[PDB]
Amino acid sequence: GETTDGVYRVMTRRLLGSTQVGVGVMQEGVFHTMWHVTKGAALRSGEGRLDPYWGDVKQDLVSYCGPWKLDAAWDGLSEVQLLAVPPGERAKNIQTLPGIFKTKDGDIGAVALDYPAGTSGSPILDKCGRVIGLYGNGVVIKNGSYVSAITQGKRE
């Protein structure tokens, strides 16, 4: 199947019509997405098949065909871009300065941008176009609006 780098929609026909359930990033022949999107199921790329390689429900991350490849980090100062990919709509950069999830284990970048759940897995980039993590796991705040973590995995 298609193994060109870039960002991809994750689709199912198991419901009415073709439904987008999420998004992910192909890099170095590895597809990266969020666990809640695929539930660790295999994927089709035309005739090709993608089998899960690595997964962790707690990090809410999953890689296909190879180990996690994305090792770039928010620097804690600079603005970032959500390369958002919503259902039915074209890819669209949306520039923002991340806030902060303060946890007992450490502080994590957070992006305050609200999009449909099918957008989960859209990459966040630094100024050099490197993926510093994925959008779609976080929290609903006092307002009723959504705040996502910048979720990143470890490269080995």
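For every residue, the number given is its place in the sequence shown, counted from 1.
*Asks:* Averaging the C-alpha B factors as listed in the entry, name the stretch that ends up higher: 91-99 or 24-32.
*Replies:* Taking the mean C-alpha B-factor of 91-99 and of 24-32, the larger value falls to 91-99.
*Asks:* Which has higher Cα B-factors on average according to the PDB entry: 104-112 or 56-64?
*Replies:* On average, C-alpha B-factors are higher across 104-112.
*Asks:* Grab the CA temperature factor for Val37 from the record and place it in the lowest, middle or highest third of its chain.
*Replies:* According to the entry, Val37 has a C-alpha B-factor in the chain's lowest third.
*Asks:* Ranking the modelled residues of this chain by C-alpha B-factor as given in the entry, is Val140 in the lowest, middle or highest third?
*Replies:* Its C-alpha B-factor, which the entry lists for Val140, ranks in the highest third among residues of this chain.
*Asks:* Sorting the chain's modelled residues by C-alpha B-factor, tell me whether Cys128 ends up in the lowest, middle or highest third.
*Replies:* CA B-factor rank for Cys128: highest third.
*Asks:* How does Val10 rank on Cα B-factor within its chain, lowest, middle or highest third?
*Replies:* Middle third by C-alpha B-factor.
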